[PDB]
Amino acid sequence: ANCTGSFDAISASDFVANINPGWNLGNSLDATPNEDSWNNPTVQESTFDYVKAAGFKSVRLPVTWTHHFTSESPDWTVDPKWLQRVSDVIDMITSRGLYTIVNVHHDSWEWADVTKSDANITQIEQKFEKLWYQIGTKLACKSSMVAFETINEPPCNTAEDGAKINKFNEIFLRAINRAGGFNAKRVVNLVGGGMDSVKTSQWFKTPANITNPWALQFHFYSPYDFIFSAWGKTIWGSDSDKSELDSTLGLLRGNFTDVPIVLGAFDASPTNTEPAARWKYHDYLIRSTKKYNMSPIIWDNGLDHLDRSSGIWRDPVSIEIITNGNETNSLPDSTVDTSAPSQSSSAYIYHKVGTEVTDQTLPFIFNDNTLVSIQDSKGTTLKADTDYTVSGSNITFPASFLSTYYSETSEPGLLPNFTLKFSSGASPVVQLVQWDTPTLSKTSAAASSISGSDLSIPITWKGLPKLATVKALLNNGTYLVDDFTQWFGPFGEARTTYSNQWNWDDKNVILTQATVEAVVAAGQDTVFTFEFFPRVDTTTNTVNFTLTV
């Protein structure tokens, strides 16, 4: 096309500096078929005001094109209303000063999967080229604040697959350059297989004769077990944990020693991850992206962090951690030894119904900050050395004080929380929880009687309305799934995995239809143990439920 404005060209190194840090508009234009098709409503522009006001500098804009094609071979014409909607949203972002990265997203596995046995790699490459030519035509006159990203986490298993991903980068660069406008000088993000650090390192090969300023983008979702709540992993922050994280990132940077690198998506989601672990994890990831000079962009599906209807960040602590790579954060300590028979977290004051109200000492990692003040969610400010003292790295709360919030007999549930202001960094939040062992509506069922769908089991939450994990054992001792978890310690063995096997909502614990299929195929009554926070042992704060067959 023929452009009218000015385009203030910017180097890839400068673009990557200036986006630090970003936020993903997840589950919006990448949702299928349409933008309101999943959990998010139609995209509204106040969202980017919230994002800017939080300290983000850029918005990553995932877009799924799959269901907006009006023609197939040979032209693969994109719905011109979809092209205009994407252009409109980019205008919403850049007009507020936020940099944008727009991509091709869930198309990666919906039609552009090179690893799937019956893929017309010919056809995939044409459609991809036609797609990015039409994208690149519509956006050709966008300013230098808008970058293009080749394709999201493309499936890639072997080195021959990885060579195909390299072609994707080349096809992309050719199409957007044929499109014209300012595209020849637009910052682009090239990708490796799965946007995985090791696959990018193993198989990425820079497009020959590349003329665009470019940067590398990868996604980080490790360690799998803590990030995806697999096999009962609810702690994070040990020497080996931090080492596994720093090594993974360092191996990527060592292989791309002078390349601008964008960490395009990462998240320990507040939905499923314990808060003290999650804050330790985000703090450390931020510490490492500073070390290895990578620009982070947090993944947010709309339920993870910002509530676009209210502007409340569900987890303001992570956002503080991520929006300031130039600050030291004081964090609550927590168990990190997976062989410990009890798990504690200073993100909570816990009190069990029916037990006496005691003093609570919360060990914290101060990191040479000082505690300035504490304010409860009712607006009352606690009196230092009266409602709390600080001994070493321990913050201690007197029983007389805490009993003004809960008693031996008050109802379970979330009481107010305490916000700790420090010398510097984020303000962590300690959540008072009055807890009791939950109770389940049913204690067993026939597999036949509950098939046709998932198993939703009504529950009386008593404290935290969160499922920590679910243990699963056939009547004869064998693990229902994943026998290797027998090396995972007291809180790991025979446990199963969030979303794949279990879930929960405001009123139920859920075993997925997949899990009830495992019980059928095992031909045995198997016992599920639902587990809740606090994880004070492996039995007390748990409820049992067996599945007959």
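Residue indices: 1-based, along the sequence shown.
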Legend entry - Segment of higher mean CA temperature factor, 397-405 or 274-282: 397-405
Inset, instruction - Report the stretch with the higher mean CA temperature factor, choosing between 378-386 and 328-336 on the basis of the entry. - result: 378-386
Inset, instruction - Quick one: which of 157, 318, 289, 301 shows the highest Cα temperature factor in the PDB entry? - result: 157
Legend entry - Highest recorded Cα temperature factor - choice among 267, 225, 149, 368: 368
Inset, instruction - Would you please rank residue 44 by its C-alpha temperature factor against the other modelled residues of its chain and give the third it falls in: lowest, middle or highest? - result: middle
Legend entry - Within-chain third of residue 104 by Cα B-factor, per the entry: lowest
Legend entry - residue 176 - Cα temperature factor, lowest/middle/highest third of chain: middle
Legend entry - Third of chain Cα B-factors occupied by residue 76: highest
Inset, instruction - State the tercile, meaning the lowest, middle or highest third, of residue 238 with respect to the CA B-factors recorded for its chain. - result: lowest
